[PDB]
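Data first, discussion second: the structure below is written as structure tokens.
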Amino acid sequence: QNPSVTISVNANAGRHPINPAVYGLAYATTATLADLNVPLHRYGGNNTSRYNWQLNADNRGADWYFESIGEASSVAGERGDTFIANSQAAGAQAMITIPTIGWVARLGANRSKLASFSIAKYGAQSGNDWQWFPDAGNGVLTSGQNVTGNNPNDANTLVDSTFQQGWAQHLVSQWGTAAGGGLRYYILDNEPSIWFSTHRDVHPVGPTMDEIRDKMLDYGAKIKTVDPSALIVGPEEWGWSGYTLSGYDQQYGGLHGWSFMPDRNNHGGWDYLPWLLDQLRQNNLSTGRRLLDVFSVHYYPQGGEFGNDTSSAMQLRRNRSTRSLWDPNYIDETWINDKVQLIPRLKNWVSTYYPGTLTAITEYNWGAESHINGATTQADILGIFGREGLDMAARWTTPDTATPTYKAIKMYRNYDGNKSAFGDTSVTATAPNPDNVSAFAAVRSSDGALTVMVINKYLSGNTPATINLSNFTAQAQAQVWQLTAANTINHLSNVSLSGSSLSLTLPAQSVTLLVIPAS
Ligand SMILES: [Zn+2]
Ligand SMILES: [Zn+2]
Ligand SMILES: [Zn+2]
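Letter by letter, the sequence shown follows residues 31 to 549 of the entry's author numbering.
What follows is the structure, encoded as structure tokens:
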């Protein structure tokens, strides 16, 4: 039905390891972490920036009327300990976000809720938590203008690095050091550059690159001192603009155009993250101690695919927009309007401004989770991650178990229900056009088997495909597992060799895994 495709896989080219940390997830259950066989679990997000560990509570920020709400438990840090217990109960490494913003939540009498923009204290506003906290306004006047001189102490308390160090001490005491099997990843806040938006109530002015640098040096030292075996992750920036412009400049730009970036101008025209990395590198050179271990950013496509729009046009965009993660000649079809090639960009930035620093995308989501288009896209993302050498990744939230996207992940980490996974040694696999059909390959170390994932992104018609192998002696038959809109991981009939190649027909919008044993 569709034009035939030839995919060549050379087990001897592009050889490099695939860190299983690329299959990371945020907010999943022990059951899911175990079923999907994911080794990384992330506790992060907007509210985690306002978490007070001694009170065991946080502020929802712009997400929910800037309300300070406590957890049921009054035990300092139980949220974190419960998160960690659930993670290792599934054999997964946990990541805990440690506030750096300073203003964390505090509570009222008997752990009662507090609000940063009390309507009674600041006047009528365009929004409020009418159903659960009517006095909690959205911080916007009826005129549409933001409320301004609000007192940050209304629902918060100013804390510092020594305060957070205490949490690290609590963590190490309860779980041990990282070297001993305790918390391995400490994340420094969340999307700091846009604190002036998400955490407007407590940080109305965007942070300069100086203040983000100082906070990482400061908070990073405190944590390393408590646990030198632990790994620090940051800066968790939000997206494109936050890669070259500090929060101060992003905000300034929004208010006066982009003809003059003050913070950038005071730093020799340097780009934000490159400068931050270089700045950390210099400090590492002066003290001889590494404070940052993993360079992390978040990335969500901007063309509108993040959501549930499953029209043909959007599905096609999802088939393409995925290039922004690796393709150097792909201009993002959005306001970004530039060649982002994320992973190569992150790798080059680390290699150029702070060698030895790992790379990660701690937040991403291409949408359409309950739709096959979302699954082919997710499977595409996972393949790209392993091929491009991303060190770690954390999908923003875990897809529902009934979803086809959930299976897409499973196709890589537990396709047979036996925890069998995609290979750990990436090898070259080239497809003539990833937009309609992409492929990824690797060689498993335990089995020695060659695993080849083929994604047919075409919206209709069967697609005949032939896989040509190079430098791999395989048995006469390759196993086949497949996923389609039928939302079921099917174990198809084996396919036979025809020398050093195998052919098969690929259904439209499908994820097929080929397990080719060695010898
Ligand atoms: Zn600040
Ligand atoms: Zn304690
Ligand atoms: Zn400076």
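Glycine included, C-beta positions come from ideal geometry on N, C-alpha and C.
- Message: Using the Cβ count rule (16 or more neighbours within 10 Å means buried), how would you classify residue 26?
- Response: The structure shown has nothing for residue 26, since the chain only spans 31 to 549.
* Asked: Does the distance from the CB of residue 556 to the CB of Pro-47 come in under 9 Å?
  -> Within the shown structure, residues of the chain are numbered from 31 to 549, placing residue 556 beyond reach of any answer.
Next item on the list: Return the CA-CA distance between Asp-465 and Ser-549, expressed in angstroms with no decimal places.
Entry: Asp-465 and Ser-549 have their C-alpha atoms roughly 34 Å apart.
Look at the alpha carbon of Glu-101 and the alpha carbon of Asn-86, and state the distance between them as a whole number of angstroms.
-> Just so you know, the alpha carbons of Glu-101 and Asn-86 end up roughly 6 Å apart.
Among residues of its own chain, excluding the 5 on either side of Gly-334, which ones have a beta-carbon nearer than 8 Å to its beta-carbon? Around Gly-334, the same chain offers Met-344, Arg-347 as residues with beta carbons nearer than 8 Å, after the five sequence neighbours per side are excluded.
| field | Own chain, CB closer than 6 Å to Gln-281, minus 5 neighbours either side, in chain order | value | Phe-226, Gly-236.
Going by DSSP, what residue range makes up the alpha helix (DSSP H) through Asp-308? Element bounds for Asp-308: 302–317.
For the beta strand (DSSP E) holding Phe-470, just list the boundary residues, first then last. Where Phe-470 is concerned, the enclosing beta strand (DSSP E) stretches over 467–473.
Is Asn-296 near ligand 3, with its Cβ less than 8 Å from a heavy atom?
At least one heavy atom of ligand 3 is nearer than 8 Å to the Cβ of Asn-296, so yes.
Under 9 Å, do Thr-392 and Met-125 count as touching if we go by C-beta distance? Cβ atoms of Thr-392 and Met-125: closer than 9 Å.
Can you tell me where the alpha helix (DSSP H) holding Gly-210 begins and where it ends? For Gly-210, there is no enclosing alpha helix (DSSP H), since its DSSP letter is neither H nor E.
Distance cut-off 8 Å: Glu-241 Cβ against heavy atoms of ligand 5: The ligand content of the structure shown is limited to ligand 1, ligand 2 and ligand 3, which means ligand 5 is not among them.
Report task. List the DSSP bridge partners of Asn-89. Result -> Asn-89 pairs with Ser-98.
Determine the extent of the alpha helix (DSSP H) in which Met-344 is found, giving its start and end residues. Looking at the DSSP string, the run of the alpha helix (DSSP H) that includes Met-344 is 342–351.
Does the distance from the CB of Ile-497 to the CB of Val-541 come in under 9 Å?
For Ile-497 and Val-541, no; Cβs fall outside 9 Å.
**Q.** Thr-431, DSSP secondary structure in three states
**A.** When secondary structure is reduced to three states using DSSP, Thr-431 falls in the coil class, being assigned neither helix nor strand.
- Query: If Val-467 and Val-39 are in contact, beta carbons under 8 Å, what's the gap, nearest whole angstrom?
  - Reply: Taking C-beta atoms under 8 Å as the contact rule, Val-467 and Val-39 fail to qualify, at a distance of about 14 Å.
Report task. Leaving out five residues on either side along the sequence, give the residues of the same chain with a beta carbon under 6 Å from the beta carbon of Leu-201. Result -> Only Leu-213 meet the Cβ criterion.
Ordered list of alpha helix (DSSP H) runs contained in the stretch 131–178, each at least 4 residues: Here the runs fully enclosed are 149–152.
For this session: Look at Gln-332 and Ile-373 and say whether their C-beta atoms are less than 9 Å apart.
Result: Not a contact, by the Cβ cut-off of 9 Å.
Practice prompt. Within the stretch 228–300, note down every full alpha helix (DSSP H) run reaching 4 residues or more, in order along the chain.
Written response: Counting only runs of at least 4 residues, the stretch 228–300 fully encloses the following alpha helix (DSSP H) elements, listed from N- to C-terminal order: 239–256, 271–274, 277–286, 292–295.
- Query: Any heavy atom of ligand 2 closer than 8 Å to the Cβ of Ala-198?
  - Reply: No, since every heavy atom of ligand 2 falls outside the 8 Å radius drawn around the Cβ of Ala-198.
Since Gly-110 is in the alpha helix (DSSP H), which residue starts that stretch and which ends it? Following the DSSP letters along the chain, one finds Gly-110 inside the alpha helix (DSSP H) bounded by residues 108–118.
Q: Evaluate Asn-359 with the Cβ neighbour count: other Cβ atoms within 10 Å of its Cβ, from every protein chain shown; 16 or more gives buried, anything less gives exposed.
A: Looking at its Cβ environment, which holds fewer than 16 other Cβ atoms inside 10 Å, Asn-359 is exposed.
- Task: Compute every distance between the C-beta of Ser-203 and the non-hydrogen atoms of ligand 2, then say whether any falls below 8 Å.
- Result: Short note on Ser-203: C-beta closer than 8 Å to some heavy atom of ligand 2.
**Study point:** Three-state secondary structure (DSSP) of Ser-79
**Key:** The answer is helix: DSSP assigns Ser-79 an H, G or I state.
Q: Along the beta strand (DSSP E) that carries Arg-72, what are the first and last residues, could you check?
A: It spans 70–73 - the beta strand (DSSP E) in which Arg-72 sits, taken as one unbroken run.
Please list the terminal residues of the continuous beta strand (DSSP E) segment that includes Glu-335. Run containing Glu-335: none; DSSP gives neither H nor E here.
| Looking at the structure shown, is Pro-47 part of a helix, part of a strand, or coil, going by DSSP? | Reduced to three states, the DSSP call for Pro-47 is strand.
Between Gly-54 and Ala-150, what straight-line distance do the alpha-carbon atoms span, to the nearest angstrom? C-alpha separation (whole angstroms): 44 Å.
### Query
Going by C-alpha distance, which of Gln-408, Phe-336, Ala-251 is nearest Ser-259?
Looking at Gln-408, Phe-336, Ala-251, the one whose alpha-carbon comes closest to that of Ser-259 is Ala-251.
Margin query: So for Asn-498, helix, strand or coil by DSSP?
Written below: In the structure shown, the three-state DSSP call for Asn-498 is strand.
Check your understanding: Does at least one heavy atom of ligand 2 sit under 8 Å from the Cβ of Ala-106?
Key -> Checking the Cβ of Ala-106 against ligand 2 gives yes.
Fill in: Per-residue DSSP class, three states only, for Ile-126
Reduced to three states, the DSSP call for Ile-126 is strand.
Given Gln-84 as reference, the closest of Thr-130, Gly-206, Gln-194 once Cα atoms are compared: Measuring from the Cα of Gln-84, the nearest candidate turns out to be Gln-194.
message = Under 8 Å: does the beta carbon of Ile-128 sit that close to some heavy atom of ligand 1?
response = No, since every heavy atom of ligand 1 falls outside the 8 Å radius drawn around the Cβ of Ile-128.
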